[PDB]
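Read the single chain below, which is given as structure tokens and is the form deposited in one PDB entry.
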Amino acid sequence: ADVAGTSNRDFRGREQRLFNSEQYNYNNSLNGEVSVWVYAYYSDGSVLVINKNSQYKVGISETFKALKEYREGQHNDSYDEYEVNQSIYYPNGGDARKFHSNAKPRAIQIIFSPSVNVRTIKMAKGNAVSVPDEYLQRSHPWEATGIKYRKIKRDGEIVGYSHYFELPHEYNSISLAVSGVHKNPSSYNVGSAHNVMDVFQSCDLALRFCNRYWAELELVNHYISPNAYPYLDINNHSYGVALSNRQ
């Protein structure tokens, strides 16, 4: 046989490159997943991740209460935290024994898979009673925020998109929903009559995940990296795997 790495008959190397390329491309086909992650960062260094994976379109919608830190199997000040909520829903509406709940997120990072079309991203960032803009009567139900997403890149390939915002002020008390649509450069509408019932099924079939990791280190080591997910850490370091035309 020819010698490895010296001619066009290194079929092992050609198959390696094709295997990676096909992964990249399959995900971007209409058969492929689109995924979103919402990361909520707490003052104790812990991080809640919420992930949804679906065909065609994907999104996550959470209440104010759902985004607050919850330590499974530990004490969570749960009566006092009911009261915090009451005081957040209406000023002076509660009887809490603290000024600022350390369970409130300090920041949020939204990440989409590279299979989203960024122009389709929509976000409803509401207040703590789930109203997008002060009063329902004047609320648009979402903002198209794609322009603010940064490309997460590795080895010059886009591995995902990130939108990050801090909530460092006392008044940053939010509800949040986000949604994006899988790329579709074709003229075949996935929601056209021929395929609409499959998009309806996709609502049922989407897989969801949530978990609280104790540190960004643990999130990177045991959630982002092992699953080849895209990420951007507090130091602006990019995580993910470049696959297109690569060994």
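The first residue of the shown sequence is 1; numbering continues from there. Rigid core (definition): largest C-alpha set, two forms, superposition within 1.5 Å.
Participant: Determine if residue 114 is unmodelled in a third or more of the other PDB entries compared for this protein.
Facilitator: Result for residue 114: never missing in the compared entries.
Participant: In a third or more of the other compared PDB entries with flanking residues modelled, does residue 128 go missing?
Facilitator: Yes, residue 128 lacks coordinates in at least a third of the other compared entries.
Participant: Averaged over C-alpha atoms, is the B-factor higher for 139-147 or for 110-118 in this PDB entry?
Facilitator: If you average the C-alpha B-factors of 139-147 and of 110-118, the larger mean comes out for 139-147.
Participant: Per the record, averaged over C-alpha atoms, which has the higher B-factor: 101-109 or 155-163?
Facilitator: The stretch with the larger mean CA B-factor is 155-163.
Participant: Out of 40, 215, 197, 203, which one has a C-alpha B factor higher than all the others in the entry?
Facilitator: Result of the comparison over 40, 215, 197, 203: 203.
Participant: Compare the CA B factors listed in the entry for 54, 31, 184, 179 and report the winner.
Facilitator: Each of 54, 31, 184, 179 was compared by C-alpha B-factor; the highest is 31.
Participant: Going by the CA temperature factor in the PDB record, which third of the chain does residue 24 belong to: lowest, middle or highest?
Facilitator: It belongs to the highest third of the chain when residues are ordered by C-alpha B-factor.
Participant: Split into thirds by Cα B-factor across the chain's modelled residues, where does residue 35 land: lowest, middle or highest?
Facilitator: Ranked within chain, residue 35 CA B lands in the lowest tercile.
Participant: Consider only the C-alpha atoms of the modelled residues in this chain, order them by B-factor as the entry records it, and name the third containing residue 65: lowest, middle or highest.
Facilitator: Highest third of the chain for residue 65's C-alpha B-factor.
Participant: When the modelled residues of the chain are sorted by Cα temperature factor, does residue 50 land in the lowest, middle or highest third?
Facilitator: Ranked within chain, residue 50 CA B lands in the lowest tercile.
Participant: In terms of the chain's CA B-factor thirds, is residue 190 lowest, middle or highest?
Facilitator: According to the entry, residue 190 has a C-alpha B-factor in the chain's middle third.
Omitted here: the form deposited in another entry. The next part is about that form.
Participant: In a fit on the core, which one among 107, 158, 174, 118 has a Cα that moves 2 Å or more between this form and the one not shown?
Facilitator: Comparing both forms, the shifted residue turns out to be 174.
Participant: Regarding residue 47 and residue 171, go with closer or farther for their CA spacing in that other deposited form versus this form, the difference being 3 Å or more.
Facilitator: Compared with the shown chain, residue 47-residue 171 is closer in that other deposited form.
Participant: Given that the distance between the C-alpha atoms of residue 172 and residue 145 changes by 3 Å or more in that other deposited form, do they end up closer or farther than here?
Facilitator: Farther apart, by at least 3 Å.
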